[PDB]
């Protein structure tokens, strides 16, 4: 349930936002269109809709399935 450092190395199966939203899959362009695809970042573990941090943010995050909300941090603690 926890990520180390900045979450850059996190490769867990959590997929829920802090708000309790569900993560959009990185390969998906819906509802939010973006460029952080497993296609463009083949080495950042952009697998299914798992919380990740391909941009060196401060914790694992994801795009959200809430059309209203583009992205949020995931509901995780820092180890």
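Residue numbers count along the first chain shown, from 1.
Student: Hey, what third does residue 52 fall into on Cα B-factor, ranked over its chain?
Tutor: It falls in the bottom third of the chain.
Student: Considering every modelled residue of the chain and its Cα B-factor in the PDB entry, is residue 18 in the lowest, middle or highest third?
Tutor: CA B-factor rank for residue 18: middle third.
Student: Please rank the C-alpha B-factors of the chain's modelled residues and tell me whether residue 38 sits in the lowest, middle or highest third.
Tutor: Within its chain, residue 38 is a lowest-third residue by C-alpha B-factor, going by the deposited values.
Student: Quick check on the deposited entry: does the C-alpha B-factor of residue 12 sit in the lowest, middle or highest third of its chain?
Tutor: CA B-factor rank for residue 12: middle third.
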